[PDB]
Amino acid sequence: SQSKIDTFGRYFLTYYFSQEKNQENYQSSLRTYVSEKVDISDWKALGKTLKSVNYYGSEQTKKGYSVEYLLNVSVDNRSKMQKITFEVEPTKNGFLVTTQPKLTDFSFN
Amino acid sequence: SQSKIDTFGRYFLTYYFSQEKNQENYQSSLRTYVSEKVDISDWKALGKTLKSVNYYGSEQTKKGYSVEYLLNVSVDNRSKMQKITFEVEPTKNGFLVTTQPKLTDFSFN
Amino acid sequence: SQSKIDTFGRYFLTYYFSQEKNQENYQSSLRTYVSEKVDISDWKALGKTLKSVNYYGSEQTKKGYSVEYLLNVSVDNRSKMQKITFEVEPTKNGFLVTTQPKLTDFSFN
Numbered sequence: 214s215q216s217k218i219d220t221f222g223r224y225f226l227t228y229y230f231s232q233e234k235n236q237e238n239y240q241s242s243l244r245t246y247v248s249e250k251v252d253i254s255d256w257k258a259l260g261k262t263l264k265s266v267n268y269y270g271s272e273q274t275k276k277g278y279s280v281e282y283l284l285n286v287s288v289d290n291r292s293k294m295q296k297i298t299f300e301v302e303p304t305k306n307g308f309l310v311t312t313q314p315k316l317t318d319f320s321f322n
Numbered sequence: 214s215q216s217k218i219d220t221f222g223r224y225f226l227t228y229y230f231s232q233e234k235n236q237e238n239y240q241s242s243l244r245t246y247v248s249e250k251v252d253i254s255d256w257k258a259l260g261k262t263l264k265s266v267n268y269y270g271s272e273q274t275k276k277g278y279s280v281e282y283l284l285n286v287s288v289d290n291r292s293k294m295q296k297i298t299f300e301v302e303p304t305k306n307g308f309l310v311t312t313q314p315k316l317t318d319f320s321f322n
Numbered sequence: 214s215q216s217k218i219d220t221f222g223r224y225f226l227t228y229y230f231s232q233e234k235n236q237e238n239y240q241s242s243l244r245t246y247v248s249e250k251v252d253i254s255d256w257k258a259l260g261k262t263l264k265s266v267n268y269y270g271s272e273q274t275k276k277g278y279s280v281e282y283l284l285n286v287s288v289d290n291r292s293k294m295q296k297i298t299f300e301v302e303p304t305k306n307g308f309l310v311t312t313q314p315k316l317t318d319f320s321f322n
């Protein structure tokens, strides 16, 4: 679809970027988006305020899709462009995240 | 475009979800979005706050398109996710909503 | 990607609609988004506040894409719907704007 996967990623990103300080509820609040094949026990709140999110396309993978978003994230005191990448897999109506997302510096240059 | 229907729907939703307590003004603020073929005299403010809107795709009808959005709707401080569906039809210069939107519970899993 | 031109255009619009009153700084902050072949020596802050941006689709050109967005701009606290059109060309690494954006009045009717 594209829309569907896009939207799904945005919802996941809302919880992934949550600032809940207690690691247990943080994981619990994002459990539903992440496949059981992934161990989220070491994921915690990332210390980063999500200021904007834009869908940056998908690439077909073997079992699903790799998706990208462009983000403005604020940390410490400064605001910068990142890309976030993660894989998803379709489920019987719906989606699941299947890798830990990678955050990297990005520019259009 | 897929984009143009998307954008049109977002605009309509802003008015559809408006909290105007006077049912006359509520209807007239959305009149231009909705086809004259549709009777909006019982539409009123829904008491819900729209916290977020994501385009969820369309599919063709004989006459136009059935569009879906995923919404975050809030009452008394708490949000839940819903799908909203409604039909649109192209007009010479734009688009019109041609059915009363259907608002339904939704989840990814 | 359609996604990618869309997002690029959003980032550009943020700088293009910046209200920076120093002409050299307004130009510098948007420099990387615009092709060097465009004369940006006379672009100034437009005195308009950008309340919302929705992607409105693209149209292939000889070397790129003509993109459109629907905007809510605010001038005095008087808000209105506008459309903005400009062209964009890929670069091996990303994208560049290649025309000066056209802003025009818009409605769905």
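Residue numbers (the entry's author numbering), protein chains in the order written: chain C, 214 to 322; chain B, 214 to 322; chain A, 214 to 322. Virtual Cβ for every residue (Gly too), placed ideally from N, Cα, C.
Check: Where does the unbroken alpha helix (DSSP H) through residue 223 (chain A) begin, and where does it stop?; Outcome: 215 to 229
Check: For residue 290 (chain C), does the three-state DSSP call read helix, strand or coil?; Outcome: coil
Check: Measuring straight from C-alpha to C-alpha, what distance separates residue 263 (chain A) and residue 230 (chain A)?; Outcome: 7 Å
Check: Could you tell me whether the Cβ atoms of residue 300 (chain A) and residue 317 (chain A) are closer together than 8 Å?; Outcome: no
Check: I want to verify the contact list: residues of chain A whose CB lies under 8 Å from the CB of residue 283 (chain C), in sequence order.; Outcome: 220 and 224
Check: Say whether the region 266 to 282 of chain C touches the region 244 to 258 of chain C, bearing in mind that this needs 3 or more beta-carbon pairs closer than 8 Å, one atom from each stretch.; Outcome: no
Check: Output yes or no for whether 8 Å exceeds the beta carbon distance between residue 245 (chain C) and residue 290 (chain B).; Outcome: no
Check: Suppose you measure from the CA of residue 296 (chain B) to the CA of residue 282 (chain B); what does that come to, to the nearest Å?; Outcome: 6 Å
Check: Anything in chain C within Cβ reach of residue 267 (chain B), meaning under 7 Å, just list it in chain order.; Outcome: 220 and 223
Check: My guess is that residue 315 (chain C) and residue 298 (chain C) are in contact by the Cβ rule of under 8 Å, so how many angstroms apart are they, rounded?; Outcome: 5 Å
Check: Buried or exposed for residue 250 (chain A), please, with buried defined as at least 16 other CB atoms from any protein chain shown within 10 angstroms of its CB.; Outcome: exposed
Check: Chain B partners of residue 308 (chain A), CB-CB under 8 Å?; Outcome: Per Cβ cutoff of 8 Å: no residues; residue 308 (chain A) is ~17 Å from chain B at best.
Check: For residue 288 (chain A), tell me which candidate among A:306, A:237 and A:232 has the shortest Cα-Cα distance.; Outcome: A:232
Check: What does DSSP give as the partner residue(s) for residue 302 (chain C) in the beta ladder?; Outcome: C:309
Check: Could you compute how far the alpha carbon of residue 240 (chain B) sits from the alpha carbon of residue 239 (chain C)?; Outcome: 42 Å
Check: How would you list, in chain order, the residues of chain C whose beta-carbon sits under 9 Å from the beta-carbon of residue 245 (chain A)?; Outcome: 320, 321 and 322
Check: Have a look at residue 278 (chain C) and residue 310 (chain B) and give me their C-alpha separation to the nearest angstrom.; Outcome: 33 Å
Check: My understanding is that residue 243 (chain B) touches residue 225 (chain B), with C-beta atoms under 8 Å, so please give their C-beta distance in whole angstroms.; Outcome: 7 Å
Check: For residue 285 (chain B), which option in B:320, B:271 and B:307 has the closest C-alpha, if you only look at C-alpha atoms?; Outcome: B:320
Check: Examine chain A for any beta-carbon lying closer than 8 Å to the beta-carbon of residue 270 (chain C), and answer yes or no.; Outcome: yes
Check: Can you find a CB in chain B that lies within less than 8 Å of the CB of residue 214 (chain C)?; Outcome: yes
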